[PDB]
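J.: Please see the structure below; I have some questions.
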Amino acid sequence: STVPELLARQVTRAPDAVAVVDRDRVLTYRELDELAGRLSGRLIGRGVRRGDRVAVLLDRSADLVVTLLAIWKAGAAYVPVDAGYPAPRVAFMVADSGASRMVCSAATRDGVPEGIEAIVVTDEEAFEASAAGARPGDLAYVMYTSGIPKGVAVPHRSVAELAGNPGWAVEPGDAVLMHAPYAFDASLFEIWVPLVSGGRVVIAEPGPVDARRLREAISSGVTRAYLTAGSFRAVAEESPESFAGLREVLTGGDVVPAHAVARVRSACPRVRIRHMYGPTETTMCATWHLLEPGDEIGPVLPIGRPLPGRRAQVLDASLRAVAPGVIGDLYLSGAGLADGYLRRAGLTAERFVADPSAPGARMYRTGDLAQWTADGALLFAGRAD
Amino acid sequence: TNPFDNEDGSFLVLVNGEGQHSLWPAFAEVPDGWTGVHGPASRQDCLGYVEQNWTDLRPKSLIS
Ligand SMILES: CC(C)C[C@H](N)C(=O)O
Ligand code: NA
């Protein structure tokens with residue numbers, strides 16, 4: 001599948017439901033689809049073809065969401081560039097990714113590198129609304145690692161396997177706070193999961209989301225929020241009651257101590273807490289651990305169990321599967337794998353390796369160590385380094 | 001040491017039906033659906049083979 005296909009299902013089912021809330025501005029599903037079709041028509045009008053890469057340099061906004069969908073409708077892949085990146089990283093990312101055009105706004109226009117086409121998203125041009133369509137094997141985006149950053153090429157099928165995963169349990173009544181950089185794949189949860197579910201994306205006000213702003217967002221109707229591990233740990237230790245009223249708080253990426261989860265559960269008995277694990281190379285997260293309301297975490301916070309549709313393997317140095325309680329190398333397979341690294345065939349062959357458990361398939365080498373519990377959960381055991 | 005990261009190990013290059021290439025430790029049985037196309041050889045040799053021979057990361061099914 002593709003996220004545009006999943007979203008089209010929601011546009012058909014409830015065209016007048018709210019899709020995006022950005023300050024005063026509100027977009028319904030139909031309005032989001034129509035706006036994205038117009039910008040898609042501008043891209044097709046310039047000659048953008050399937051597989052082309054379009055960079056994006058925008059502040060978070062309804063226009064950002066419109067732009068990403070529009071690039072997808074045109075058959076292209078987006079290369080998200082954070083407007084806060086220094087100019088050399090912007091220039092490197094654009095050149096490395098092979099992006100030939102860059103959507104920007106009046107405010108970010110000066111950030112487009114010289115020699116790359118600047119497309120100002122608010123400009124109106126004489127092109128008809130058109131869509132070439134997204135296809136599952138086609139490239140959906142190129143997101144860069146925190147290392148020389150590497151460009152991870154992710155196809156539509158993997159983004160949809162993530163965004164449309166039933167385990168998210170996001171409903172049309174949900175409102176998800178959007179504040180993570182759209183250059184980070186946590187934005188897949190903040191943007192695409194609610195939109196494929198019929199819920200709404202709530203664009204956070206400019207600036208970092210702290211505990212006070214989280215409480216204000218919850219009071220205005222936000223039901224689910226993701227925080228980076230660092231931010232979650234800080235709020236969990238300083239003001240764990242600030243999560244009160246959320247249906248679910250999500251975190252992951254860096255180390256989250258069990259104590260931080262325990263503090264939030266103590267202050268907020270009813271909030272679901274989802275701990276997530278996974279590299280960019282396997283599309284946001286590959287395993288997760290959900291602490292149901294009222295339940296206590298205990299001494300170790302698992303990285304959890306593979307998402308539906310995914311598989312994990314813990315192998316020793318001879319590539320043999322180890323028993324529970326034995327530390328080994330963690331490999332990720334099933335849904336969600338990237339195609340590989342742009343311009344780096346060797347590195348791709350070095351980390352997206354043959355999977356002995358599924359004929360012809362690949363598994364991603366995390367470089368992390370883990371162990372199974374007897375009941376099939378995974379505990380992080382450090383870096384293979 | 002991780003067997004895929006041992007710079008002094010012996011390695012193969014494997015290819016699947018999609019033309020995707022994989023490094024593989026030569027001591028390990030080749031998984032079903034994969035074919036060895038190079039090696040046993042050093043890790044750098046195998047990676048150089050991949051760089052020279054895997055010119056299009058797109059899966060073959062996509063292109064055809
Ligand atoms: C979204 C997070 C659970 C993990 C993210 N994919 C990362 O590599 O940092
Ligand atoms: Na990795």
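By order of appearance in the structure tokens: chains A, B, ..., then residues from 1 within every chain, and ligands from 1 in the order shown.
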May I ask you to write as a PyMOL selection string all residues lying at most 9 Å from ligand 1, with only C-alpha atoms and all ligand atoms counted?

T.: chain A and resi 145-146+184-189+226+228-229+250-254+275-288

J.: Counting only C-alpha atoms, which residues of chain B come no farther than 7 Å from chain A, as a list in words?

T.: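 Here is what falls inside 7 Å: residues 2, 3, 16, 17, 21, 22, 23, 31, 32, 33, 34, 47, 50, 51, 54, 57 and 62 of chain B.
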
J.: Can you write just those residues out, N, CA and C atoms, as an mmCIF file, in the first residue's frame?

T.:
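The file below, selection_18.cif, is the result:
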```
data_model
loop_
_atom_site.group_PDB
_atom_site.id
_atom_site.type_symbol
_atom_site.label_atom_id
_atom_site.label_comp_id
_atom_site.auth_asym_id
_atom_site.auth_seq_id
_atom_site.Cartn_x
_atom_site.Cartn_y
_atom_site.Cartn_z
ATOM 1 N N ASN B 2 31.403 -8.965 15.857
ATOM 2 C CA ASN B 2 30.317 -9.228 14.931
ATOM 3 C C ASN B 2 30.876 -9.798 13.631
ATOM 4 N N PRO B 3 30.303 -10.884 13.101
ATOM 5 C CA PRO B 3 30.912 -11.504 11.911
ATOM 6 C C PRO B 3 30.817 -10.654 10.654
ATOM 7 N N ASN B 16 20.010 -11.554 -4.700
ATOM 8 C CA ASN B 16 18.678 -12.147 -4.692
ATOM 9 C C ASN B 16 17.972 -11.852 -6.015
ATOM 10 N N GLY B 17 16.710 -12.279 -6.101
ATOM 11 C CA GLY B 17 15.942 -12.097 -7.321
ATOM 12 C C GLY B 17 15.661 -10.650 -7.667
ATOM 13 N N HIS B 21 22.204 -6.817 -3.341
ATOM 14 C CA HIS B 21 23.447 -7.478 -2.977
ATOM 15 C C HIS B 21 23.602 -7.495 -1.465
ATOM 16 N N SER B 22 24.231 -8.555 -0.966
ATOM 17 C CA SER B 22 24.461 -8.698 0.462
ATOM 18 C C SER B 22 25.867 -9.211 0.720
ATOM 19 N N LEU B 23 26.551 -8.589 1.674
ATOM 20 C CA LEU B 23 27.725 -9.205 2.269
ATOM 21 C C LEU B 23 27.305 -10.450 3.040
ATOM 22 N N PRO B 31 21.641 -18.306 2.598
ATOM 23 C CA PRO B 31 20.185 -18.427 2.767
ATOM 24 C C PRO B 31 19.477 -18.748 1.458
ATOM 25 N N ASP B 32 18.354 -19.453 1.582
ATOM 26 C CA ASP B 32 17.485 -19.706 0.439
ATOM 27 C C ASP B 32 17.075 -18.409 -0.237
ATOM 28 N N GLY B 33 17.008 -18.448 -1.563
ATOM 29 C CA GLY B 33 16.649 -17.282 -2.333
ATOM 30 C C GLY B 33 17.800 -16.351 -2.620
ATOM 31 N N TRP B 34 19.011 -16.712 -2.212
ATOM 32 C CA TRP B 34 20.212 -15.932 -2.450
ATOM 33 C C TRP B 34 21.220 -16.789 -3.201
ATOM 34 N N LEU B 47 33.146 -5.618 -0.776
ATOM 35 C CA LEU B 47 32.480 -4.322 -0.860
ATOM 36 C C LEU B 47 32.826 -3.610 -2.165
ATOM 37 N N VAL B 50 30.667 -5.013 -4.821
ATOM 38 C CA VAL B 50 29.312 -4.483 -4.747
ATOM 39 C C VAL B 50 29.263 -3.084 -5.348
ATOM 40 N N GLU B 51 30.234 -2.238 -4.994
ATOM 41 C CA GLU B 51 30.268 -0.883 -5.533
ATOM 42 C C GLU B 51 30.365 -0.893 -7.052
ATOM 43 N N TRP B 54 26.742 -3.384 -8.294
ATOM 44 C CA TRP B 54 25.374 -3.013 -7.925
ATOM 45 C C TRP B 54 25.240 -1.514 -8.186
ATOM 46 N N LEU B 57 20.238 0.721 -7.036
ATOM 47 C CA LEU B 57 19.698 0.151 -5.805
ATOM 48 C C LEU B 57 18.230 -0.222 -5.935
ATOM 49 N N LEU B 62 10.754 -3.287 -9.511
ATOM 50 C CA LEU B 62 10.335 -1.912 -9.759
ATOM 51 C C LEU B 62 10.678 -1.475 -11.176
#
```

J.: If we count only C-alpha atoms and set the cut-off at 9 Å, which residues sit around segment 39-54 of chain A, ignoring sequence neighbours fewer than 3 positions away in its own chain? Please answer as a PDB file with N, CA and C atoms, in the first residue's frame.

T.:
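Below you can see result_14.pdb, which holds the result:
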```pdb
ATOM      1  N   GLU A  34      -7.454  18.617  -1.859  1.00  0.00           N
ATOM      2  CA  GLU A  34      -7.564  19.537  -2.988  1.00  0.00           C
ATOM      3  C   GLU A  34      -6.338  20.439  -3.087  1.00  0.00           C
ATOM      4  N   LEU A  35      -5.868  20.963  -1.954  1.00  0.00           N
ATOM      5  CA  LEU A  35      -4.682  21.812  -1.966  1.00  0.00           C
ATOM      6  C   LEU A  35      -3.463  21.038  -2.453  1.00  0.00           C
ATOM      7  N   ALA A  36      -3.287  19.809  -1.959  1.00  0.00           N
ATOM      8  CA  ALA A  36      -2.159  18.991  -2.385  1.00  0.00           C
ATOM      9  C   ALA A  36      -2.230  18.667  -3.870  1.00  0.00           C
ATOM     10  N   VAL A  66       0.528  19.837   3.326  1.00  0.00           N
ATOM     11  CA  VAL A  66       0.107  19.909   1.932  1.00  0.00           C
ATOM     12  C   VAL A  66       1.277  19.610   1.004  1.00  0.00           C
ATOM     13  N   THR A  67       2.453  20.160   1.314  1.00  0.00           N
ATOM     14  CA  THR A  67       3.604  19.997   0.429  1.00  0.00           C
ATOM     15  C   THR A  67       4.049  18.543   0.347  1.00  0.00           C
ATOM     16  N   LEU A  69       2.347  15.751   0.890  1.00  0.00           N
ATOM     17  CA  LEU A  69       1.373  14.967   0.133  1.00  0.00           C
ATOM     18  C   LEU A  69       1.419  15.315  -1.347  1.00  0.00           C
ATOM     19  N   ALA A  70       1.619  16.599  -1.663  1.00  0.00           N
ATOM     20  CA  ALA A  70       1.671  17.028  -3.056  1.00  0.00           C
ATOM     21  C   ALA A  70       2.839  16.388  -3.794  1.00  0.00           C
ATOM     22  N   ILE A  71       4.008  16.328  -3.154  1.00  0.00           N
ATOM     23  CA  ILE A  71       5.164  15.671  -3.761  1.00  0.00           C
ATOM     24  C   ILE A  71       4.850  14.209  -4.026  1.00  0.00           C
ATOM     25  N   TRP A  72       4.212  13.550  -3.064  1.00  0.00           N
ATOM     26  CA  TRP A  72       3.809  12.162  -3.244  1.00  0.00           C
ATOM     27  C   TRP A  72       2.802  12.007  -4.377  1.00  0.00           C
ATOM     28  N   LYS A  73       1.824  12.915  -4.467  1.00  0.00           N
ATOM     29  CA  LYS A  73       0.842  12.824  -5.542  1.00  0.00           C
ATOM     30  C   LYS A  73       1.492  12.947  -6.912  1.00  0.00           C
ATOM     31  N   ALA A  74       2.571  13.721  -7.010  1.00  0.00           N
ATOM     32  CA  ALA A  74       3.276  13.911  -8.268  1.00  0.00           C
ATOM     33  C   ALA A  74       4.177  12.738  -8.624  1.00  0.00           C
ATOM     34  N   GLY A  75       4.166  11.669  -7.829  1.00  0.00           N
ATOM     35  CA  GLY A  75       4.996  10.514  -8.097  1.00  0.00           C
ATOM     36  C   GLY A  75       6.413  10.635  -7.594  1.00  0.00           C
ATOM     37  N   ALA A  76       6.703  11.665  -6.809  1.00  0.00           N
ATOM     38  CA  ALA A  76       8.045  12.002  -6.377  1.00  0.00           C
ATOM     39  C   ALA A  76       8.228  11.665  -4.904  1.00  0.00           C
ATOM     40  N   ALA A  77       9.474  11.788  -4.460  1.00  0.00           N
ATOM     41  CA  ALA A  77       9.869  11.559  -3.080  1.00  0.00           C
ATOM     42  C   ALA A  77      10.299  12.884  -2.471  1.00  0.00           C
ATOM     43  N   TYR A  78       9.989  13.092  -1.196  1.00  0.00           N
ATOM     44  CA  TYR A  78      10.399  14.317  -0.529  1.00  0.00           C
ATOM     45  C   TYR A  78      11.703  14.098   0.225  1.00  0.00           C
ATOM     46  N   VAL A  79      12.529  15.132   0.230  1.00  0.00           N
ATOM     47  CA  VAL A  79      13.763  15.183   0.999  1.00  0.00           C
ATOM     48  C   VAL A  79      13.604  16.273   2.049  1.00  0.00           C
ATOM     49  N   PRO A  80      13.236  15.930   3.272  1.00  0.00           N
ATOM     50  CA  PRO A  80      12.919  16.958   4.271  1.00  0.00           C
ATOM     51  C   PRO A  80      14.192  17.593   4.809  1.00  0.00           C
ATOM     52  N   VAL A  94      21.003  18.349  -0.072  1.00  0.00           N
ATOM     53  CA  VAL A  94      20.332  18.543  -1.351  1.00  0.00           C
ATOM     54  C   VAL A  94      21.138  17.897  -2.468  1.00  0.00           C
ATOM     55  N   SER A  97      21.271  13.961  -2.095  1.00  0.00           N
ATOM     56  CA  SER A  97      20.004  13.305  -2.379  1.00  0.00           C
ATOM     57  C   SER A  97      19.606  13.371  -3.844  1.00  0.00           C
ATOM     58  N   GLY A  98      20.250  14.221  -4.638  1.00  0.00           N
ATOM     59  CA  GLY A  98      19.841  14.378  -6.014  1.00  0.00           C
ATOM     60  C   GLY A  98      18.554  15.143  -6.179  1.00  0.00           C
ATOM     61  N   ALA A  99      18.181  15.939  -5.180  1.00  0.00           N
ATOM     62  CA  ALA A  99      16.982  16.753  -5.282  1.00  0.00           C
ATOM     63  C   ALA A  99      17.236  17.831  -6.321  1.00  0.00           C
ATOM     64  N   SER A 100      16.300  17.996  -7.240  1.00  0.00           N
ATOM     65  CA  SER A 100      16.443  18.980  -8.300  1.00  0.00           C
ATOM     66  C   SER A 100      15.587  20.217  -8.093  1.00  0.00           C
ATOM     67  N   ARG A 101      14.646  20.178  -7.158  1.00  0.00           N
ATOM     68  CA  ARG A 101      13.763  21.290  -6.851  1.00  0.00           C
ATOM     69  C   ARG A 101      13.535  21.292  -5.350  1.00  0.00           C
ATOM     70  N   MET A 102      13.225  22.466  -4.810  1.00  0.00           N
ATOM     71  CA  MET A 102      13.053  22.622  -3.371  1.00  0.00           C
ATOM     72  C   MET A 102      11.848  23.511  -3.119  1.00  0.00           C
ATOM     73  N   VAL A 103      10.856  22.981  -2.410  1.00  0.00           N
ATOM     74  CA  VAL A 103       9.723  23.792  -1.983  1.00  0.00           C
ATOM     75  C   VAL A 103      10.117  24.559  -0.731  1.00  0.00           C
ATOM     76  N   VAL A 121       5.790  27.907  -1.872  1.00  0.00           N
ATOM     77  CA  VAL A 121       4.584  27.092  -1.782  1.00  0.00           C
ATOM     78  C   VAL A 121       3.328  27.944  -1.909  1.00  0.00           C
ATOM     79  N   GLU A 124       0.913  31.136  -6.675  1.00  0.00           N
ATOM     80  CA  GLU A 124      -0.100  30.537  -7.532  1.00  0.00           C
ATOM     81  C   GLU A 124       0.379  30.570  -8.978  1.00  0.00           C
ATOM     82  N   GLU A 125       0.230  29.447  -9.673  1.00  0.00           N
ATOM     83  CA  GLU A 125       0.737  29.325 -11.031  1.00  0.00           C
ATOM     84  C   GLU A 125      -0.300  28.643 -11.913  1.00  0.00           C
ATOM     85  N   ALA A 126      -0.146  28.840 -13.225  1.00  0.00           N
ATOM     86  CA  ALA A 126      -1.109  28.344 -14.208  1.00  0.00           C
ATOM     87  C   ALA A 126      -0.785  26.894 -14.560  1.00  0.00           C
ATOM     88  N   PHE A 127      -1.115  26.001 -13.631  1.00  0.00           N
ATOM     89  CA  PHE A 127      -1.082  24.565 -13.866  1.00  0.00           C
ATOM     90  C   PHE A 127      -2.344  23.960 -13.272  1.00  0.00           C
ATOM     91  N   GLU A 128      -2.937  23.009 -13.987  1.00  0.00           N
ATOM     92  CA  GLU A 128      -4.136  22.339 -13.508  1.00  0.00           C
ATOM     93  C   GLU A 128      -3.795  21.345 -12.404  1.00  0.00           C
ATOM     94  N   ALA A 129      -4.769  21.099 -11.529  1.00  0.00           N
ATOM     95  CA  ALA A 129      -4.612  20.057 -10.524  1.00  0.00           C
ATOM     96  C   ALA A 129      -4.417  18.712 -11.212  1.00  0.00           C
ATOM     97  N   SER A 130      -3.431  17.955 -10.743  1.00  0.00           N
ATOM     98  CA  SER A 130      -3.083  16.681 -11.351  1.00  0.00           C
ATOM     99  C   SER A 130      -2.342  15.842 -10.325  1.00  0.00           C
ATOM    100  N   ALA A 131      -2.435  14.525 -10.488  1.00  0.00           N
ATOM    101  CA  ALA A 131      -1.681  13.584  -9.674  1.00  0.00           C
ATOM    102  C   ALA A 131      -1.153  12.496 -10.594  1.00  0.00           C
ATOM    103  N   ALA A 132       0.130  12.164 -10.444  1.00  0.00           N
ATOM    104  CA  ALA A 132       0.677  10.989 -11.112  1.00  0.00           C
ATOM    105  C   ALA A 132       0.426   9.725 -10.301  1.00  0.00           C
ATOM    106  N   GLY A 133       0.348   9.857  -8.980  1.00  0.00           N
ATOM    107  CA  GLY A 133       0.055   8.735  -8.115  1.00  0.00           C
ATOM    108  C   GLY A 133       1.279   8.130  -7.465  1.00  0.00           C
ATOM    109  N   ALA A 134       1.138   7.718  -6.209  1.00  0.00           N
ATOM    110  CA  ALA A 134       2.184   6.997  -5.501  1.00  0.00           C
ATOM    111  C   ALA A 134       2.015   5.495  -5.710  1.00  0.00           C
ATOM    112  N   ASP A 138       7.864   2.607  -5.259  1.00  0.00           N
ATOM    113  CA  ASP A 138       8.504   3.880  -5.540  1.00  0.00           C
ATOM    114  C   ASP A 138       9.051   4.515  -4.266  1.00  0.00           C
ATOM    115  N   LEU A 139      10.045   5.378  -4.457  1.00  0.00           N
ATOM    116  CA  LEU A 139      10.635   6.117  -3.351  1.00  0.00           C
ATOM    117  C   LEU A 139       9.632   7.099  -2.767  1.00  0.00           C
ATOM    118  N   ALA A 140       9.511   7.089  -1.439  1.00  0.00           N
ATOM    119  CA  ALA A 140       8.655   8.024  -0.720  1.00  0.00           C
ATOM    120  C   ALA A 140       9.420   9.195  -0.121  1.00  0.00           C
ATOM    121  N   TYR A 141      10.571   8.947   0.503  1.00  0.00           N
ATOM    122  CA  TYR A 141      11.388  10.032   1.028  1.00  0.00           C
ATOM    123  C   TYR A 141      12.829   9.553   1.149  1.00  0.00           C
ATOM    124  N   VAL A 142      13.726  10.518   1.340  1.00  0.00           N
ATOM    125  CA  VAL A 142      15.114  10.269   1.710  1.00  0.00           C
ATOM    126  C   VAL A 142      15.353  11.042   2.999  1.00  0.00           C
TER     127      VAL A 142
END
```

J.: Can you pull out the residues contacting residue 85 of chain A? Cut-off 12 Å, using only C-alpha atoms, and skip same-chain residues under 5 positions away; I want them as a count of residues only.

T.: 13

J.: With only C-alpha atoms as the counted atoms, please give the residues lying no more than 9 Å from residue 27 of chain B, apart from itself and same-chain residues fewer than 3 positions off, as a ChimeraX atom specification.

T.: /A:318 /B:10-11,24
